[PDB]
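> Experimental structure and its sequence below.
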Amino acid sequence: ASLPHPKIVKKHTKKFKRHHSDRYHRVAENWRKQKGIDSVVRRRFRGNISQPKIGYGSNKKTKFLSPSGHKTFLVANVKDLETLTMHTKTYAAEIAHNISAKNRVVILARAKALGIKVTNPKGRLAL
Amino acid sequence: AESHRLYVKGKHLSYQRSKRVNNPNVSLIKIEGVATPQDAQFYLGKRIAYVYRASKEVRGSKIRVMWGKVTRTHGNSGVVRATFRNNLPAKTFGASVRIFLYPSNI
Amino acid sequence: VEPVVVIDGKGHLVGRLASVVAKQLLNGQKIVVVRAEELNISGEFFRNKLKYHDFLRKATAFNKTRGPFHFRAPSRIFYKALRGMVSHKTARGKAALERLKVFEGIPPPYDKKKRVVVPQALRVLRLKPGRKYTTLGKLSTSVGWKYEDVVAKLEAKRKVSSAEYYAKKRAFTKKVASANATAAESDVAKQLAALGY
Amino acid sequence: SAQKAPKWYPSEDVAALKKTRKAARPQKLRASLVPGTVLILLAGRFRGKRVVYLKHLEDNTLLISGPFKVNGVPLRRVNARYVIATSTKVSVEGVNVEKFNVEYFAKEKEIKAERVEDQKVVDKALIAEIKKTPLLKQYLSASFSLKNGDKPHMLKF
RNA sequence: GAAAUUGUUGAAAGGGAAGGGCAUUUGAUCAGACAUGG
RNA sequence: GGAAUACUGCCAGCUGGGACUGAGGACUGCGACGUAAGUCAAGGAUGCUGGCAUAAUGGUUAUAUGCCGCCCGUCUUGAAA
RNA sequence: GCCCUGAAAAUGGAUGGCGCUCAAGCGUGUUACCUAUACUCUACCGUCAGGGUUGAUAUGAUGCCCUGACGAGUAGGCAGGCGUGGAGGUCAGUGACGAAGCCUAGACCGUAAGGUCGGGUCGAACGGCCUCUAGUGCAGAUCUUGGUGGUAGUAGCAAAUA
RNA sequence: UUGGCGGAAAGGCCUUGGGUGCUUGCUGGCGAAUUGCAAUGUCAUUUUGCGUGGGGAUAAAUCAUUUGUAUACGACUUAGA
């Protein structure tokens, strides 16, 4: 249901967790680069956490693609849903978190009608 | 025929490694009866399997297989380099392994 | 290429035997070394008794009970040598040694199991003639091994039984090689001979 | 809106391939594979079985027989790389064998009466030729396996 | 009605710390698939 | 006296086994083999076959195993101190 | 030359360890083999440089496209981005048929700062894009305020007759 | 099943006699496919619970109390049908 695209290669699937985020509660996993003078991580000694650098960048040809092969698009309603009308093999729709349950059946309706793939159906869904 | 074996005995010795760094992507096998790199050239390309047991049955068996192939010789004494579809567990350093006769170019 | 390998300890050089054995384990081979009392070290008695004593004075200063342990028996003297050649503190090391047994004399099951030798560790293949060496048992008994005489007394009793055993065997292989004489030159005999057998 | 609309959008025209330049040339089997040669199957359903090479089918495969009333293998396809080719060998002059191709094996359970008939046709001539050399028939029915202190890399076959 | 810290339940590991990195075994969990004549 | 062989070197001489890669996506270029129409290994892989369904496969996670990894921040020629 | 004497220090100990004696030691030679983030070929990320192309010719001209080379980094400089309170403009944006917030070894996107979704909880508001603005991002300061631990059911609860 | 032998951890070994399955020492008669050209096809022995049918056996230790050969508290040594 989507364009060709080469096999998605991910290059570094793991997280990059800030050094010692695993040591003290007070320190969030959120990446932050060490500045310290003797720091093993900054100085890149064998045996430590790898730091995010540009060599890890994804293939432009596969960048931003999900498994399905589409880039996802945040959809708030039908007007928004409808921008992806010609680009049905290229993009997928994602229904915003704050979209009410009843409205979700309407966007969901119109997508099927247009053949746009939805990423988060089974959303605010009874049963 | 108490014997049914169509494979050569083998032992998983190590990963590829320097003194203090290993490479789990490559594995070193001792093939039973091979003693020289000139012998070990016979098995280049042959298929290896490491066969283990489990608790969960999958396709009706509690026996599982890790398949790989002999890729080149190692050192001077018949030891050989091998890569498997996944990477041998390292717990198995000393475990047995199977070198088959196919692809034959006999 | 074998389940378990029993090694007749005699005539071997400790460290050379240790190195070949300690490698077998890390490869999966189940080893069991016997007669560790008649094991050899190059260099005559006095040097090794001096070396052993040089090892014997090391201990935790505040609590000798926790510093280096000095096992005196030949089987454990060799086991010292081996373990020094295995990365034992790690799990892999633990498991390797858990494939090994070392015995002074040849105690039961192996009493009827063929022992083998390791040439590259065999003194008489490795030592230059004229060079002095050592008998581990005589060493161990000089550093507190209370049982050289017991194993001696038993080994004699064991070799006597073995003597009559091999005599029996030697008598039967006779019959086999004296009841072959007929079949020695049949047709199938010449038939076999053609293909090497 | 939840997300500002993109300003480009690709094209959903899926392109055609460049004129690829690969051209199937025939596969020349190795020298030890002459028709009639006793083969050892090293894999699959009839692994270990000793078997007679008959024909190089057009899809690279080796027509096999065994033959059936000797060891159980029927007329059968078999790939060359899972086979040891021995030195021992039977003749195959008096075996017709032309009717057998890819389509003979074409997946169009049951067991066709044509297949069972062709078997006895082809086999009859083989068991005929096989039986002249003593113990060849016996050999073919025994299964192959490595013994303690076999070294494939030196054994001759 | 967050966190520190705590009780209970459940899974797991633990021969003088714990935590981390590359790799895989095992266990758990989660996926992308979608369309072909009745 | 007539050779052979070693050593060294060249061949736009022939060939067996093993390994990793297959980026690119109409045509366009330089060629090769053909008397020929044509064909080709010539500006980047194709062909044939089979396998996977409460499954193959992959992601994460816990544990185990192999190797490896001292506490950050700081002043300092020099910090695990 | 090698070996021996000359050669005495305080916890128990160090050719790294085991151990090694025609060595696994000393001198010399010849092959083979092991292995770096280096070298060679290739994919991808980025940076720089050179070049092609809006001639009518749908959606990116600060764009598409071709080619070559390059990538260490404290103090430090510049650049391109991520997130926050409030402002003008715009999606006639989401919302009591559930906003914001919170929880979640569930999922997806980004090299990353971060973004998005599911489920649970919740109950009145809130967001995307173009711009404006600053009391705009914390691990440290014997930092400020508040809250909570190990220590620990521990020290202890014994002067003054009962 | 008849005799022995084995205490270094003997826990195994020799031996008598028949019974029974097989016997490729040799000569016959059948079967095998379609598991589709490899992938997945010998089941090993540990433990632990339950299900049966046969044989078998019918206790102690601890708390409490007590002694003082003992004792900081546990512990130790006594005694109680």
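Here it is on my side, so go on. Residues are numbered from 1 along each chain as shown, chains lettered A, B, ... in the order given.

> Report the buried residues of stretch A:21-31.
Using 16 or more other Cβ atoms under 10 Å in any protein chain shown as the test for burial, stretch A:21-31 gives residue A:21. (Each C-beta comes from the backbone N, C-alpha and C, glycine too.)

> what about that stretch and RNA strand F, touching?
No - in terms of Cβ under 7 Å from any atom of the strand, no part of stretch A:21-31 sits within range of RNA strand F; the closest distance is 8.0 Å.

> so how far is the first residue of that stretch from its last?
End-to-end distance of stretch A:21-31 (Cα to Cα, to the nearest Å): 9 Å.

> what comes into contact with that stretch?
Here stretch A:21-31 makes contact (Cβ atoms under 8 Å, 6 or more residues apart in numbering or on different chains) with A:15-18, A:20, A:52.

> Now for the residues you listed: which two are most distant?
Comparing all pairs in the contacts of stretch A:21-31 by Cβ to Cβ, the longest separation belongs to A:20 and A:52, at 16.4 Å.

> Restricting to the contacts of stretch A:21-31, which residues neighbour RNA strand E?
Counting by Cβ under 7 Å from any atom of the strand, the members of those near RNA strand E are residue A:17.

> got the residue ranges for the helices in chain C?
In chain C, the helices defined using DSSP state H lie at C:14-25, C:45-56, C:74-83, C:91-97, C:123-126, C:136-140, C:148-178, C:187-194.

> okay, the last one in PDB with CA atoms only?
The C-alpha trace of helix C:187-194 is given here as PDB (Å, rounded to 0.1, in the frame of the first residue of the first chain):
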ATOM      1  CA  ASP C 187      40.400 -67.300   0.900                       C
ATOM      2  CA  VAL C 188      38.700 -64.400   2.700                       C
ATOM      3  CA  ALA C 189      42.000 -63.800   4.300                       C
ATOM      4  CA  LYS C 190      43.700 -63.200   1.000                       C
ATOM      5  CA  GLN C 191      40.500 -61.500   0.000                       C
ATOM      6  CA  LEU C 192      40.800 -59.000   2.900                       C
ATOM      7  CA  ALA C 193      44.600 -58.500   2.300                       C
ATOM      8  CA  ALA C 194      43.900 -57.200  -1.200                       C
END
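
> In chain C, what residue comes closest to RNA strand H?
Nearest residue of chain C to RNA strand H, counting by Cβ to the nearest atom of the strand: residue C:105, 2.3 Å away.

> can you count the residues close to the nearest residue to that residue once chain neighbours are set aside?
Spatial nearest neighbour of residue C:105, chain neighbours left out: residue C:151 (4.5 Å); criterion: Cβ to Cβ, 6 or more residues apart in numbering or on different chains. Applying other Cβ atoms under 10 Å in any protein chain shown, we find 23 residues neighbouring residue C:151.

> I'd guessed residue C:151 sits against residue C:38; true?
No - using Cβ atoms under 8 Å, residue C:151 is not in contact with residue C:38; the gap is 9.6 Å.

> Which stretches in chain D count as strands?
D:37-41, D:50-56, D:62-64, D:83-89 (DSSP state E).

> Taking chain A, what residue is nearest to chain B?
The minimum distance from chain A to chain B, using Cβ to the nearest Cβ, falls at residue A:46 (8.1 Å).

> tell me the SS of that residue?
Following DSSP: H, G, I helix; E, B strand; the rest coil, we place residue A:46 in the coil state.

> And for it, the neighbour number?
7.

> And for residue A:123?
Residue A:123, neighbours per other Cβ under 10 Å, totals 17.

> same thing with residue A:125?
By other Cβ under 10 Å, neighbour count at residue A:125 equals 10.

> quick one, what contacts it?
By Cβ under 8 Å, 6+ apart, the residues touching residue A:125 are A:101, A:104.

> the longest helix in the chain is where?
All of this is about chain A. Criterion DSSP H: the longest helix present in chain A is helix A:101-114.

> Correction: the question concerned chain D.
helix D:113-130.

> Could you tell me the angle between that helix and strand D:50-56?
Between helix D:113-130 and strand D:50-56, the angle comes out at 110 degrees (axes from the mean of the first three to the mean of the last three Cα atoms, to 10 degrees).

> List the buried residues for helix D:113-130?
D:118-119, D:122-123, D:125-127, D:129-130.

> which one of the residues you listed sits closest to residue A:112?
Closest approach to residue A:112 among the buried residues of helix D:113-130 (Cβ to Cβ): residue D:118, at 55.4 Å.

> The nearest residue to the closest one once chain neighbours are set aside: neighbouring residues, count only.
Counting by Cβ to Cβ, 6+ apart, residue D:75 is the residue found nearest to residue D:118 once chain neighbours are left out, at 6.5 Å. Residues lying near residue D:75 (other Cβ under 10 Å) number 22.

> Next, work out how far apart the closest residue to residue A:7 other than its chain neighbours and RNA strand G are.
Spatially, and ignoring its direct neighbours in sequence, residue A:7 is nearest to residue A:62 (7.8 Å; Cβ to Cβ, 6+ apart). Noted for residue A:62: a distance of 7 Å to RNA strand G, by Cβ to the nearest atom of the strand, to the nearest Å.

> quick one: contacts for residue A:62?
By Cβ under 8 Å, 6+ apart, the neighbours of residue A:62 are A:5-9.

> Residue B:71 belongs to a helix, doesn't it?
No - under three-state DSSP, residue B:71 sits outside any helix and is assigned strand.

> The residue nearest to residue D:48 when sequence neighbours are not counted: how many residues sit nearby?
Distances taken as Cβ to Cβ, 6+ apart place residue D:143 nearest to residue D:48, at 4.2 Å, with adjacent residues excluded. Residue D:143 has 16 neighbouring residues, counting by other Cβ under 10 Å.

> Next: residue B:23.
Residues near residue B:23, counting by other Cβ under 10 Å, number 12.

> element containing it?
Using DSSP states H and E, residue B:23 maps to strand B:22-31.

> list the helices and strands that strand packs on?
If contacts are counted by 3 or more Cβ pairs under 8 Å, 6 or more residues apart in numbering or on different chains; DSSP states H and E, strand B:22-31 sits against strand B:8-17, strand B:63-73, strand B:80-84, strand B:96-99.

> mind redoing it with 10 Å?
When contacts are defined as 3 or more Cβ pairs under 10 Å, 6 or more residues apart in numbering or on different chains; DSSP states H and E, strand B:22-31 sits against strand B:8-17, strand B:47-53, strand B:63-73, strand B:80-84, strand B:96-99.

> one step back: nearest to RNA strand E, of the helices of chain C?
Each of the helices of chain C has some distance to RNA strand E by Cβ to the nearest atom of the strand; the shortest is helix C:91-97, at 7.8 Å.

> could you say what helices and strands that closest one packs with?
Looks like helix C:91-97 contacts helix C:14-25, helix C:74-83 (3+ Cβ pairs under 10 Å, 6+ apart).

> Which among the ones you listed is found nearest to chain D?
Chain D sits nearest to helix C:14-25 of all those, at 18.6 Å, using Cβ to the nearest Cβ.
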